[PDB]
Each structure stands twice: as C-alpha cells, then as structure tokens.
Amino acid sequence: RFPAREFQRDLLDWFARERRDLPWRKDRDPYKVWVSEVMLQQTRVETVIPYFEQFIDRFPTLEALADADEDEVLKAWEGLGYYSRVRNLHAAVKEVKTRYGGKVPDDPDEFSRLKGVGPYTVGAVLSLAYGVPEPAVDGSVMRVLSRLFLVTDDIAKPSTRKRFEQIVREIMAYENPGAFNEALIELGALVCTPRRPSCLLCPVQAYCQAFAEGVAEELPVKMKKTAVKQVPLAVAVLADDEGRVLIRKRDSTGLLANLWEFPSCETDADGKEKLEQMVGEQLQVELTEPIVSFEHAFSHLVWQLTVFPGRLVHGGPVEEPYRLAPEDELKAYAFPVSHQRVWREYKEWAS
C-alpha cells in the first residue's frame, strides 16, 4: 500500500543532506545519547545545547554521573525544568553501574526497567547508539505520522502513540534503524513544523495524504489543555547582620523536589502573617512590607509570588531542612527559576 523503501530512501537521503551538527551527534556513545534524549524531553534543542555541554563537561562518563552527589547533578540541571528527569537519570545511571557494570543495556526490556526510561527513550537511545530497531515516537514523530497517513486519533491518548509505533514498525528501514528514527525527528523539527509546515520543500511530499487533502495545518489532533490553578505564594528573603541568608531544601517528593528555595507558604490570604508564624516553628523573625509581586508558570499551575524582606537574629541552631548561606555561596545551590527571580528582584531593590 505504502512504498516503504521509496519513502525510506527519500527521507534518509534528505537526512544525510540536512542533518544539523548537534553536540550529541558527534558520536553514538549510549551515555551521551541517553543524557541528550532525556534533556530533550519537553525541551527545545536551542535551550538544551548549553546544558548538555556543561553536563557532559562535569559528568563525562556514566560513572562520573553515578559517583556524583545528588546536589551537584541538580545544580547542573538548574533551570532546565522537570527535575525528576535528572533524579531518575542519576538513579538509573547508578543502577547501570551497580547492576550492569557501567554498560548501558542494549535489551529493550532490560533498559526500560531503568527509572525515567519510557517508550520514547528506549527507542531513541537503543536505535541510535546500538542499532536496535525499536520505534522512537515522540510528539514530533506523532505529528509527522498523523499527516503522512492522515491519522486523526487524539495523540494524547497512549493508544494513539502505540498505533504510530506500529506504523513505524511497518515502514521502518531495518537496515539503518537509528538513522530512520532520527530522520523522522529531524523531519519534524525542520520541515513538518507545528504551524505552517514547509511541505513544498518536504522530501516526502508525494507520500503525504494530508498534503494531498490540504489539511496538514489541521493536524495532529489533540485535546485542548486543562486550565491551570492559580496559587498565591509568600516568600521570605531573610538576612542577618553578617549578610547571610536563610534558604531551605524542598522535600524529595513532588513539586521542585530537592531544589533549594527561600522559605515560602501558600497563602490562600495573609502574607507577612502566615510567613512569620511558619519561620519560628522551624528563629525570631519579624517581617516588613513587600517589595514586588510577580507570576511564574508551571505546566499545571501558576505561582503568584510576593516577596517580603526581613531581618534575622540567631536565637538557636539552623535545623534541617534549613541552611544558613552567605550571599557569596548562594551561587552553589540550585534554585527554581521563580526563586532565582525572587533574589534578583530583592537584590535590585536593595540598591
């Protein structure tokens, strides 16, 4: 029905001709491919390129990452988002060193056992680094395949992803599977773009049923996103007379897990009040009026932050999860972007 080998040929030649020279493509080392594929989940390539280089410079091999402290790794991920990806990778890498002696499994079932490795990552890593002919269907590929075969199923359903995965199995180039999988991802990035695809330049315009019908711009099919709750948040920037600041490490479960932050309370509506009470219970502190208010978006909620400066006097030890940090050492802790802005606004207010 589908001229698979003709489609494979028109794609793979295009790939050779138009492939971008990205850092993770300098070799096919499984470790580096694994890091890059994780970083690229839900994250733009232009954004990832610098994080990848810092990360591989600090953690050049699978063992260097494994032997690293959890805090050093989170700092290297600081600002990339979805931080459980890196906690899972660290643990998954640890497992590969402890269990598998530092060798990345080439068995899909064995690799998918690792934390943070789901259907896309198994296919991406194993097809590119090891040649395994497993599909690597991400949102981009699903958009490409939904136009090539005019599939109107909701790509959000896992089932739809499984149909596309089956479609890949039928049309794949088993001769060079990794190149086939990367070419579909590259095709999605460069040609078959989310809006206004450049189908006239597309290597596979002849094989595309959506272009035939003139509805490429109407695919893929996807349900509109659920709106996000708004959460007010009260943040305390507290410094003593020696310039040191009070920060706390978030629980290892949930939002921004194991990241550092300035002490805060969700104030659903007394700000300086709910902040002062909380601080004592975990220190004698009295809070002043707020200096700025701003918003910070997550995928599923929006923080509405209010910053309250304050003075801190030591009347006891700083007990876990809190730490007393000189200003010059705050650079060493990983903060979420919201709280990086807290400090920015606080430091510009001080002047």
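Counting begins at 1, following the sequence as shown.
- According to the record, the deposited sequence contains no missing residues between residue 154 and residue 155, so the chain is continuous there.
- Per the record, residue 43 and residue 44 follow each other directly, and no deposited residue is missing between them.
- Per the PDB record, of the two stretches 80-88 and 105-113, 105-113 carries the greater mean B-factor over its C-alpha atoms.
- Look at the C-alpha B-factors of 23-31 and of 322-330. On average they run higher in 322-330.
- By the numbers in the PDB entry, the CA B factor is greatest at 269 among 269, 122, 132, 137.
- Within the group 56, 48, 65, 313, the record's highest C-alpha temperature factor is found at 313.
- When the CA B factors of the chain's modelled residues are split into thirds, the value for residue 339 lands in the lowest one.
- Ranked within its chain, residue 143 lands in the lowest third, by CA B factor from the PDB record.
- Among the modelled residues of its chain, residue 178 has a C-alpha B-factor that falls in the middle third, as given in the PDB entry.
- Among all modelled residues in this chain, the alpha-carbon of residue 186 has a temperature factor (C-alpha) in the lowest third.
- When the CA B factors of the chain's modelled residues are split into thirds, the value for residue 229 lands in the highest one.
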